[PDB]
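> give me a 3D structure for the following:
(chains A, B, C, D, E, F and G, ligands or ions: 6)
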Amino acid sequence: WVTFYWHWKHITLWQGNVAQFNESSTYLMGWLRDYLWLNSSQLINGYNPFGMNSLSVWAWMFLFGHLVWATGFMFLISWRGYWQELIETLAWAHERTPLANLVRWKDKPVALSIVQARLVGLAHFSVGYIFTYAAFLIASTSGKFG
Amino acid sequence: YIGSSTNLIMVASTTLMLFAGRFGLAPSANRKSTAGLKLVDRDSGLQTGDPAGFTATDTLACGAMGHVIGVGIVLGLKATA
Amino acid sequence: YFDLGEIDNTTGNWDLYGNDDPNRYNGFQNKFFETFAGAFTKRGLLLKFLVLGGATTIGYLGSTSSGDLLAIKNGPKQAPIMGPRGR
Amino acid sequence: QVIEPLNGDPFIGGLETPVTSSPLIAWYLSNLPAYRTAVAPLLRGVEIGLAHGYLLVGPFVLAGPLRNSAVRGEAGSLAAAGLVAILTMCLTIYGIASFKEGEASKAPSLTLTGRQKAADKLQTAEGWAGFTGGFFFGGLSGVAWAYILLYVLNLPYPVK
Amino acid sequence: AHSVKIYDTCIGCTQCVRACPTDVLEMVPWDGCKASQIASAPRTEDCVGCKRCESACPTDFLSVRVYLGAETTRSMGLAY
Amino acid sequence: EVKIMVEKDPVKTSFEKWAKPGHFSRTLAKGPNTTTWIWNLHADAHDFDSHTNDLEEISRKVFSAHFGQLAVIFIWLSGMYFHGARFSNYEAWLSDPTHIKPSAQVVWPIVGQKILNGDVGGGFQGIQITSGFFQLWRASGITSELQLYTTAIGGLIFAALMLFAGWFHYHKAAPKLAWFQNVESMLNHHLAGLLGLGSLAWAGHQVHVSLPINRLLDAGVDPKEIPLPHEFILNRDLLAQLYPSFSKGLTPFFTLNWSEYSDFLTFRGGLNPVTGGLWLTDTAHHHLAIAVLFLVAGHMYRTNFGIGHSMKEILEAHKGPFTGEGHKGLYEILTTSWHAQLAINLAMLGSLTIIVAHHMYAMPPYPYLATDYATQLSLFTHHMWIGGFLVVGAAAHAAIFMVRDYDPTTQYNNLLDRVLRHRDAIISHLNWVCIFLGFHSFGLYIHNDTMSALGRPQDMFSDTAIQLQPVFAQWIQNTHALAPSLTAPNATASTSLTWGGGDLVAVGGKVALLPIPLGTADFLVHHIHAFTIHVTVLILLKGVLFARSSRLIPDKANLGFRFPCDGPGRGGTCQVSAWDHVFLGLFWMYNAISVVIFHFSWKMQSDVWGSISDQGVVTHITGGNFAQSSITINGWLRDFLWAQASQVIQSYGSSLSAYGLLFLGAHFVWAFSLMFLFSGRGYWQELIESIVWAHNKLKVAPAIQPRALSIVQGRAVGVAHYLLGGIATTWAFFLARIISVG
Amino acid sequence: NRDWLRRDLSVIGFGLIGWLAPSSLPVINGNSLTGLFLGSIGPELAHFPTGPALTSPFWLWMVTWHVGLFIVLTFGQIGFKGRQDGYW
Ligand code: CLA
Ligand code: CLA
Ligand code: CLA
Ligand SMILES: CC1=C(/C=C/C(C)=C/C=C/C(C)=C/C=C/C=C(C)/C=C/C=C(C)/C=C/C2=C(C)CCCC2(C)C)C(C)(C)CCC1
Ligand SMILES: CC1=C(C/C=C(\C)CCC[C@H](C)CCC[C@H](C)CCCC(C)C)C(=O)c2ccccc2C1=O
Ligand code: SF4
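Residues are numbered from 1 along each chain as shown, chains lettered A, B, ... in the order given. Ligands and ions are numbered 1, 2, ... in the order given. Structure as follows:
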């Protein structure tokens, strides 16, 4: 919220029209449309079917954030014992598959523990959150300078 | 219409299926076909005047298989011949 | 199914797909492979020259590659794209 | 009538299905180089290397980044030989971790029947040592022979 | 592995033993309650750590208490 | 042995059981003591198996609950016909439907919401409806709003009849257990009496009412001067002027001259070029055929007349060498467990609703259905969401059958016992095919995103890059287009226009349907669909199979269905329950069905929906960008989630601004879901303890103790807000975009 | 073990005449010349040296003739073992 306010108060100051922020920041559709949608015009057009621009690494890092953040949901919503029974079935499948049963594990495959699950989902949430905004913020000001 | 081919099939499809249900050639209410398609006798409870076991259910059942088969023979021969 | 005379047969220690055939090749094919793969046997020795040999072989063709072989050694072939605000 | 438990034991986690104990499948799986328990493990590791070496030239010459040039034989074969050298080090560090020098064999000695057999020498520190060198020589020769039969002799095929 | 501790607030209601799925708890004689019995954990190395005993303990606060410590193949509940 | 078993006055119709809320459960009959009692009051309200152990009273409860549901649906249909009668422009839309949007909801001018009464056309202001009722009434032959009011009050009469029957079959004459266990009679009277006679009666309506009125509607006749539906029945010369086969008068039916009924009973196929909807001579031949086929299939089973099948004899003769004693006891499963029958019926109803969605965009059954794109998108999207919810509920009640009705003594060495005996193999091979599908579809998308980002368009999976053409689908679509010439002779045209038989149907200057192309993009998104359906099957089938026990928890059936966990032991046993697998399969249903409707919306906005100008040129809504942008996630975010969301966010100050409000509030409900999903009970319990301390300080402590929501309840609240918020987001975005560009 | 599917080498023969005797009769429905030499016309017409059939009429007949072969030549596998075992 802080850096949304900073980047939209400044992204309207730098190209002059502070009235866009003065009319649109009071309601959340202005935040969605005139900030999250309007400034993302040249972000997600960093690479197209027609070609790719210099913001393309910032267009991939934006999508990359939407992967990792959403991947955190996999650890923050789904919890342990589903994955523990799933890895139990996987351990049976490896222990009964011909030509692959010869390969052993020394570490017994278990699901991620509960604190570890919350930490991994939190760290994925944080990496996706910092990469979605690092990309959007460094692609919606450096591609449309002002 | 009496001598037409629609009447002669639908009479003979109904008559032969009622002949099969009465003379023990078709499944009926009082005799069951197993998985081996073998006619074994049963007591359905329905009582009529027939000594063989033909009841009011079978004359509706074999009339329907006189009609479901008989419609398909008539319209099968209509599209072909 | 518990026996107390054969503990492996009552627990699942079975060679399910194994074979007890001693040999099926001949002596000419067997002596060729052990001669050539004789310096590749020891795990500590094989891990040394695979790391040192693998680091050299990626640095050789990383550097001797041409413009058509890899685009990063080709460099730019057009005018640079100027950004907004004259930058 | 068709499905049996694994060697008559219902409490081992498996079944004697047709995909497991067929007359054809159990003949096949018993002759594959990984399940020969009396062959020396360098010799049978050359066959595990020749196979995997050969097959991997295909997806690296027909799908890789340099597939539309005249260097597609040279780029994809060294890419196929690169996956041999990585998996040799993956085979190297597996045998270092799993098996210790001077230990026994972590292998089932008993067969399908009640007859006692010798221990499988592949699951040892020295057996996986010679298996790793068998995969390295077999894999690098399996890549090079598939490169020779495709981009040196240039045999006619619908896709190459 | 897991350390299961019984405290002197126990009333000997036995339902911590009845809720135990790995046979950790047993009822030993005692002189501190009407039932004249307290729980104990001799086979605490077999404890998975499920705290079914803590869910079935009616004493406020709990008399049986499971502390999740070092976890081994007993307390991980594996079959492979 | 099949006969009526009821008994008289089981429970007295009294309000003293209304006053006690938790009367059905023994735990809730003591009154409240915490705030979790309110949530278990609603959680155990419909769970009739947890109330009593007697299946007879459970079956009576289910029967009267069915009647209450039928009363609710008839009240809903009464409302939608009353809204057509009084608050719609159905006569104005029926005069000309290519320019006037269907609208049947008027809002009250109170707080600025009167801007939502938009200019839908015909001198009318209101919410533009997308439910398809207008095209349904046009296909029913409804000409005036008096007929809509009559159908509304008739539905209210039937709703009162369902309420009376729900009271009657629980308090006056309720059936006994062996009445509900006559499943052969129930199938005989549902196949013949319900689906056979229902199809026959609707066929009679579509012979006498729908067909001549809809033929006059194709002739440009004004609906105020079209003769009323009973005038075709009365004056049969008026019916004979539209179809000369009516001049013979029922004599070709009983003399088997059915080809003389070829004027009004046809196997044409395709769409009406006047309206863009299927022919009603085909829809009347369809209903007459599925009626002469469901009535045949309703005479199959053995009730009490001797002829028929005992279905236990059908099942117990179906046994194989790969199974042994299979199919035995499944009759005892499906006649002593309501949840097993509920699982099968919910799977068939959800899969059937998905069949309905595909067989309505592709073969639009109603006049001007296809060219009103809002109706097509909303009907497909609604039926996909209902179908996904019902198949997740099918797996839910499958799992409830395992944890509460599966008797292992009666099921030895049958199919179900052996499926439980190798459930590790099923779940592991399903896990492998799910991971394989996940890489080979989504990693193909990631590869296309990477090489499009790295400036390598030739290294992608495009129609211009490495092609992945669906040769089986592209062959089955040619097989369904080149069918009428040899494999299906008697057809005038082809089944659907989306097959490849030409016939560019232009209705009102807008594209009804055309040949749908299938390329690399369709291959990739169909493999996404197969992957997501497979993963939803993986969580749901894992919850069904591991409902009894696991390698982790061997006594999981004693813990129940709605239990959270066993505890932090065995590494942590969080979400071991079968309920939690339904909970996760609800998310995977969101993922599956949302990508299905996203592929639908983009695929037909890019390749089907559009306009036709002069000289046969077709301009789509998003012209040709599905073949090049729907292969990357950046195209899906950019040319679908950003370009088509340029009408849901700037709809403010217009009639579609409620879609913007519910788009944003749907984002709110979704981010509100992430509060319940990511958090846990004990934190909120101690925060509530601090709030209870602040209440104790000011003597405003309630005697009903404030508690945090349960772990099963917290997951339920989180998945309910996740589905509600995300589904409402897609609803708002869809119903703003395709109304705006339609 | 080792007898998961017994051979009994007449079901492969009776299933062979189970899709030549009732499958090579000419029918008037659809004006077919024969039921299976139009299905065997794929080897007669679409057979090419390493240039195979693409967007072709071969794929349909084959997908029926084999489906009829995998519904009749396997129906004797039930039928012969149903006589051998206690099934009906
Ligand atoms: C007014 C007439 C009348 C009266 C006094 C009774 C008397 C009784 N009924 Mg009921 N019953 C009636 C009509 C009647 N019923 C009808 C019409 C039905 C068909 C639905 C039944 C079917 C029935 C069942 C199957 C059960 C009873 C039972 C009960 C007992 C108390 C249940 C309770 O708390 O009810 C109060 C319940 C409500 C207020 C809920 C009603 C919900 C209605 C149908 C509307 C639901 C949809 C609505 C639009 C809300 C949707 C959500 C909203 C936010 C939009 C009591 C003996 C129970 C019993 O004896 O078992 C112990 C039992 O299980 N009844
Ligand atoms: C030929 C007679 C016949 C027909 C038409 C039906 C029709 C129906 N049954 Mg029923 N049933 C019958 C006999 C019949 N039943 C037999 C013999 C058994 C006993 C073994 C059952 C026992 C059974 C149970 C236990 C339940 C049903 C249910 C259903 C409903 C299906 C659910 C739905 O939404 O459908 C569409 C609904 C409609 C189209 C509404 C139609 C309602 C009208 C008033 C007709 C119903 C009355 C009666 C059955 C037939 C009268 C015909 C009349 C029009 C002349 C529907 C009303 C289910 C239900 O919802 O319970 C209420 C339920 O699970 N049936
Ligand atoms: C034919 C339909 C059908 C049938 C008969 C039932 C029947 C039942 N279900 Mg359900 N089920 C189905 C389909 C169906 N379900 C589907 C669609 C799903 C997927 C969601 C499931 C998933 C499933 C699970 C996960 C479980 C059941 C269970 C229950 C039982 C009692 C639940 C209860 O008391 O209601 C409680 C009703 C509520 C709490 C009302 C809340 C409604 C939803 C969740 C939120 C509101 C949605 C609404 C549209 C949004 C409006 C917002 C607005 C108000 C602001 C009962 C056996 C439970 C059980 O124990 O079974 C024995 C349970 O554990 N169901
Ligand atoms: C007494 C007697 C006798 C007689 C008997 C008889 C002769 C009988 C008859 C009977 C009959 C003769 C019967 C019939 C019946 C019929 C039926 C039962 C029908 C049904 C129908 C249906 C089922 C339907 C139809 C249809 C179809 C099929 C298709 C479509 C159309 C329709 C729908 C129409 C004798 C002489 C021997 C001797 C002495 C005594
Ligand atoms: C917020 C939250 C709670 C707390 C939720 C509560 C206490 C529900 C609040 C319900 C309402 C708002 C209180 C009851 C309202 C009464 C009807 C009184 C009416 C007062 C106004 C609403 C009019 C949990 O218990 C929980 C449990 C597990 C995982 C996540 C969470 C979680 O996120
Ligand atoms: S459950 Fe608690 S109170 Fe009861 S015996 Fe065990 S420790 Fe004591």
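> please, which helix or strand holds the residue of chain A found nearest ligand 2?
Going by Cβ to the nearest ligand atom, ligand 2 is nearest to residue A:82 of chain A, at 33.5 Å. (Each C-beta comes from the backbone N, C-alpha and C, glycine too.) Under the criterion of DSSP states H and E, residue A:82 resides in helix A:80-96.
> export the next helix or strand after that helix as PDB, just CAs?
Next helix or strand after helix A:80-96 toward the C-terminus (DSSP H and E): helix A:114-137. What follows is helix A:114-137, C-alpha atoms only, in PDB (Å, rounded to 0.1, in the frame of the first residue of the first chain):
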ATOM      1  CA  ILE A 114       4.200 -27.700   9.300                       C
ATOM      2  CA  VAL A 115       6.500 -24.800  10.400                       C
ATOM      3  CA  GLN A 116       8.600 -25.500   7.300                       C
ATOM      4  CA  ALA A 117       5.400 -25.500   5.100                       C
ATOM      5  CA  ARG A 118       4.400 -22.100   6.600                       C
ATOM      6  CA  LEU A 119       8.000 -20.800   6.000                       C
ATOM      7  CA  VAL A 120       8.200 -22.100   2.500                       C
ATOM      8  CA  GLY A 121       4.800 -20.600   1.500                       C
ATOM      9  CA  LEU A 122       5.700 -17.400   3.300                       C
ATOM     10  CA  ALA A 123       9.100 -17.200   1.500                       C
ATOM     11  CA  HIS A 124       7.500 -18.000  -1.900                       C
ATOM     12  CA  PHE A 125       4.800 -15.400  -1.200                       C
ATOM     13  CA  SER A 126       7.500 -12.900  -0.400                       C
ATOM     14  CA  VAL A 127       9.700 -13.700  -3.400                       C
ATOM     15  CA  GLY A 128       6.700 -13.500  -5.700                       C
ATOM     16  CA  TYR A 129       5.500 -10.300  -4.000                       C
ATOM     17  CA  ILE A 130       8.900  -8.600  -4.300                       C
ATOM     18  CA  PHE A 131       9.400  -9.700  -7.900                       C
ATOM     19  CA  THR A 132       6.000  -8.800  -9.200                       C
ATOM     20  CA  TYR A 133       6.400  -5.300  -7.800                       C
ATOM     21  CA  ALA A 134      10.100  -5.000  -8.600                       C
ATOM     22  CA  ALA A 135       9.200  -5.800 -12.200                       C
ATOM     23  CA  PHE A 136       6.000  -3.700 -12.500                       C
ATOM     24  CA  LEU A 137       7.700  -0.700 -10.700                       C
END
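> what helices or strands is helix A:114-137 leaning on?
Other helices and strands packing on helix A:114-137, by 3 or more Cβ pairs under 8 Å, 6 or more residues apart in numbering or on different chains; DSSP states H and E, are helix A:2-13, helix A:56-76.
> could you redo the last one with a cut-off of 7 Å?
helix A:56-76 (3 or more Cβ pairs under 7 Å, 6 or more residues apart in numbering or on different chains; DSSP states H and E).
> ok, residues contacting the helix it packs on?
A:43-44, A:46-47, A:117, A:120-122, A:124-125, A:127-129, A:131-132, A:134-136, A:138-139, F:449, F:453, F:633-634, F:637, F:677-678 (Cβ atoms under 7 Å, 6 or more residues apart in numbering or on different chains).
> what's the answer for stretch G:53-64, then?
F:475, F:478, F:479, G:38, G:39, G:42, G:46.
> now the closest residue to the third one other than its chain neighbours: which helix or strand?
In this structure, residue F:479 finds its nearest non-sequential neighbour in residue G:60, 6.0 Å apart by Cβ to Cβ, 6 or more residues apart in numbering or on different chains. According to DSSP H and E, residue G:60 maps onto helix G:58-72.
> ok now that helix, how far from the chain's centre?
On the basis of Cα atoms, centre = their mean, to the nearest Å, helix G:58-72 is displaced by 6 Å from the centre of the chain it belongs to.
> okay, now the residue of chain F found nearest ligand 3: neighbour count?
Residue of chain F nearest ligand 3, by Cβ to the nearest ligand atom: residue F:393 (2.4 Å). Using other Cβ atoms under 10 Å in any protein chain shown, residue F:393 has 21 neighbouring residues.
> residues contacting it?
With Cβ under 7 Å, 6+ apart, residue F:393 has these contacts: residue F:346.
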